[PDB]
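In structure tokens, one chain follows: the form deposited in one PDB entry.
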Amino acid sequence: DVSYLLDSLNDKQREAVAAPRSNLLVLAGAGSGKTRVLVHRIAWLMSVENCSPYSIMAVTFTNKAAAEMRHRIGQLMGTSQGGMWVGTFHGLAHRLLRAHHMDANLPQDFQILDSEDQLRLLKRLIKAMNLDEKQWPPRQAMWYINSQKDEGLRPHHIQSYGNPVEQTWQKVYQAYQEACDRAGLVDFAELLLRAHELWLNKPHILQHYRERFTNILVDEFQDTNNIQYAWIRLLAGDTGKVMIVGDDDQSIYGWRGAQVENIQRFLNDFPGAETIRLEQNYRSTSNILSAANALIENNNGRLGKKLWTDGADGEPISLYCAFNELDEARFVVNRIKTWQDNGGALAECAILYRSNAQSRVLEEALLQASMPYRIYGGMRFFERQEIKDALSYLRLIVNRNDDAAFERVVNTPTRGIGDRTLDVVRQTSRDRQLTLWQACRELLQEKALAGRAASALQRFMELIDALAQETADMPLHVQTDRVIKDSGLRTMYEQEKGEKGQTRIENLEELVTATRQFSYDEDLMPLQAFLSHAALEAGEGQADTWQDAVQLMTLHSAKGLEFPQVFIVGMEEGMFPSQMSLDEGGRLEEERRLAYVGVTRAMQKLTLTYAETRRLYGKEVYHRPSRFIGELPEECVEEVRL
């Protein structure tokens, strides 16, 4: 064969793309265009080493990356590649679970418990027993459990005691799996575990897929957890081969449970395995690439890597030291406002912080100078309340056991159903181990409820069965517009605040637009499909009419980005490195890897700043410059006695 595939790469990359079929690692750099090498490795497995698209399987963490993945593959391999699996660990585990739902013990219409829902269903359960009041907040409960699923530990697994400190939780977890089951719901963290668990109870399947997907890819491997690794390991027992990109230096998701180890753990658990070091940056200047290396070398146990450019060396890394953040910002604004004055495109920037709280003062400085911008704060469409109300009824329709959907929209729009009443259904639901709708069917037959109550409560349940019916044989975007009206939510929202509700309604109708444009082989009804598309990805926040404007965001939400001009605010001991990390955890190296990520972000200039004084909520305060600025080859940096 000929190669129009490689001619666009450089030996290193080229070496990886053309690599023999077998296990390996592709220690990506940071301007090494790792997506590219991946886009081509598949172009190769199908072209050169001639493998069927039905054996290839890419896997990403974000839907966005794994989607832009599917794109380029299609722009290279001119067409569509059926049989292939390019998704997230989650969406892919889902894919399996929906298919072999039976095997894994899951109703074909199970529902994905998102963050908020899971937390609530927890706050609710904690109460049906002990007393949360700081003693057992819901969050730590959420944490403890995910932490467990991140480790593939079901209730009856982690034995202990002598310390009820743990046992207590151990019990709550028990309930959670119980409650979530009866309801027929599963959490993000569940998909993975439930899936992997299938390959340990349904071997003949485990075979089937190895027996198929003999080629596997896994982007950003430094961010996997112990149950993800353990899942993949099995897909490629021996028969299957597997490439894995990654980079231990950019594993700032250790708290989310990302075993920065695993990268190495791979080389070992997999005897035969090579290694490639794409170390050529095409994103930033040499002056910058340097600062990175020294700085990033202050860690240890690394695999080490020298980041080299082939372009210029560019301007130094100016350093400011304002009296207070009021200045620190005002400085940056002027430093950016000048960039603009000089045909500078305000989108080619990015104030980066260690804590979202740091952004407020940045905005006032900005707005105090006719300069648009836009934070990347969460709150994606499908997370907004008005929408989860809407989708909650829909869930009740696809299933009357969505304990989460129920306890949410049961008395919303307020339909005269108070807690005194609900607390009964709970204590019922709880003591008789039932879903809520189940306790209702009972508490009504048993006629053990107030006249007022039962009559209202019941008025509710009928409203649902009513909607399930009245809309059944309907097309999504119509069934939706109905439920929105017929549940009185629209009504509930046309009567809401000033600036507030005005959007609520709009978001609702967009929910319809959206629904009228949702697309998807048949293996689930157009709703259950949607309700899943809703849980597994939200995204949206009002893509500000491009009218050129700044880019504010924490560092964690900046990985994968690059901007001509870039800044890092709050460069001082306290925030960076963090307080709750300079002491709270000894996870000090992470904070470094981050700064490393933050720098591998600049393209031309790069500015680091910090103030002597700043009010960390409430009282006044003074820190000392970040230990990070010092570990920088001093010839790169440049003070600014402004």
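Note that residue numbering begins at 1 and tracks the sequence as displayed. Residues that one form lacks are left out of the comparison. We call the rigid core whatever largest set of C-alpha positions still superposes within 1.5 Å between the two forms.
Per the records, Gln433 is modelled in every other compared entry, just as the shown structure includes it, so no third of them leave it out.
Coverage remark for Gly246: present in the model in all other entries compared whose chains are built on both sides, leaving no third without it.
Missing deposited residues between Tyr520 and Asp521: 1 to 3, all without coordinates in the entry. For the segment pair 528-536 and 544-552, the entry gives 544-552 the higher mean B-factor, averaged over Cα atoms.
Of the two stretches examined, 243-251 and 160-168, the record assigns the greater average C-alpha temperature factor to 160-168. Highest CA B-factor among the listed residues (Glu510, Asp103, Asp181, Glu462): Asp103. Highest C-alpha temperature factor among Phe331, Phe221, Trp437, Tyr353 per the entry: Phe331. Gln111 sits in the lowest third of its chain by CA B factor, as recorded in the PDB entry. In the PDB entry, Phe266 places in the highest third of its chain by CA B-factor. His208: CA B factor lies in the highest third for its chain, per the PDB record.
The PDB entry assigns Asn399 a C-alpha temperature factor belonging to the lowest third of its chain's modelled residues. Ranked by C-alpha B-factor against the other modelled residues of its chain, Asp117 falls in the lowest third.
Absent from the display: the form deposited in another entry. The rest refers to it.
Of the residues listed here (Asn268, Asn130, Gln174, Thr414), only one shifts its CA by 2 angstroms or more between the shown form and the other one after fitting on the rigid core, and it is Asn130. Contraction of the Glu133-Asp181 CA spacing by 3 Å or more is recorded in the other form, set against this form. In the other form, the CA atoms of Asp403 and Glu133 sit closer together than in the displayed form, by at least 3 angstroms. For residues common to both forms, superposing the rigid core between the shown form and the other one reveals consecutive runs of 3 or more with all Cα shifts of 2 angstroms or more at 130-134, 545-547, 580-586.
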